[PDB]
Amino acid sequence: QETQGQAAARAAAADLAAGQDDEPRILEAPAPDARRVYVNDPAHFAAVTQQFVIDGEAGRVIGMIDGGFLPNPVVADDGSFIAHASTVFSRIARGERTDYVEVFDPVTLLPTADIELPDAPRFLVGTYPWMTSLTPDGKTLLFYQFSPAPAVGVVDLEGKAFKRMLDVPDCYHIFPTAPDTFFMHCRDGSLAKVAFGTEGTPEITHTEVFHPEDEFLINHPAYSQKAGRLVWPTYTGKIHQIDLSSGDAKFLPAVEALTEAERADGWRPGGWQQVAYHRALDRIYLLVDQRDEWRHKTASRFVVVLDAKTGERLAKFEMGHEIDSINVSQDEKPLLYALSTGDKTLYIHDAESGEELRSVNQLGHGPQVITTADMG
């Protein structure tokens, strides 16, 4: 029952009693681990923003990173570094725009690379984790550009330089599969495979169209790079699963997050990061609630858990709060992270029972995105 602030008072009181000296210094964050979790605050389109580095076990903020306008956070699955694509202006929200990638050391939180992106090429949009993406080898960062056209930026983190813009068709999101390959989702209902050598056009292949014009796929699919699993819920909780672990897109069976009855009863997914995917347990987590068809971005009070292989429901948690985004740690007995944009609190649940263990409040103005590293 002793809180961290209380234990802290006791230790400080004891150091004073014992006459213990200690040097006021810059603390190092604890080595990244499986329970480390990052919460990004897009601050409702504020010109500057914050990333909160959280120890998920202690429910303690272990550091912070400042960002610009709608930055895209990335987190190297192996823990070696974090990075983001950010955007600043010479006069708060006006004047000369600089888009840039920063790479950070994960314990000092110090920037180790700062890479300018030429011609302000970032897609500025409410934050979608897969609009900016690390290749599996951590050597390359890929960001989406929408204007003047769909395009994908290649950033060399190893050489600390921007390389070039790739042409793509009318497609969206970026899911890296190899040092030189990523898939996108296209308007025509297909996925585009993009392979890029070092020069000239990329080689763009399309898959078969895998959903119709009237079946709407969410802006926040779950993608496990180490699995190659793309998990894509529709507005109705229909979930498209696309395997990418052979290099090409195999389409897994389509599965339903909600029952026929529940959908008739008005149950729909809703929120921001509406879907989480645990890699080892091959499991899907989906933020759902009873809502109108066009209330798809509102908070949800329930998480449903289903086996990705079968589609069977494994549990349904009443979260006890207005949740907008979820994610999971990728260790055994994982935590289920439930972020409330409204509360500005990360509620940290046991992913097995759905029980609330601890929470971390005051996480900015309108936090939305949870990222974890898949360190296993």
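Superpose the two forms; the largest set of C-alphas matching within 1.5 Å is the rigid core. Residue numbers run from 1 along the displayed sequence.
RMS Cα shift after core superposition in 8 other deposited structures of this protein, winner of 172 to 180 and 192 to 200: Farther from the shown form on average in 8 other deposited structures of this protein: 192 to 200.
Out of 201 to 209 and 132 to 140, which stretch has the higher average CA B-factor listed in the record? Looking at the record's C-alpha B-factors, the answer is 201 to 209.
Greater mean Cα temperature factor according to the PDB record, 221 to 229 or 98 to 106: Higher mean C-alpha B-factor in the PDB entry: 221 to 229.
Per the PDB entry, which option out of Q145, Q273, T112, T177 has the greatest Cα B factor? Most elevated C-alpha B-factor of the set, per the entry: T177.
In the PDB entry, which of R122, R91, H84, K238 has its C-alpha at the highest B-factor? That would be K238, according to the entry.
Cα B factor band for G266 (lowest, middle or highest third within the chain): Answer is highest: the recorded C-alpha B-factor places it there.
Ordered by C-alpha B-factor within the chain, which third holds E57? Give me lowest, middle or highest, please. As the PDB entry reports it, the C-alpha B-factor of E57 lands in the middle third of its chain.
Ordered by C-alpha B-factor within the chain, which third holds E332? Give me lowest, middle or highest, please. Tercile = highest for this residue's CA B-factor.
Sort the modelled residues of this chain by their C-alpha B factor and say whether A29 lands in the lowest, middle or highest third. CA B-factor rank for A29: lowest third.
Is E322 in the lowest, middle or highest third of its chain when residues are ranked by C-alpha B-factor? Its C-alpha B-factor, which the entry lists for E322, ranks in the middle third among residues of this chain.
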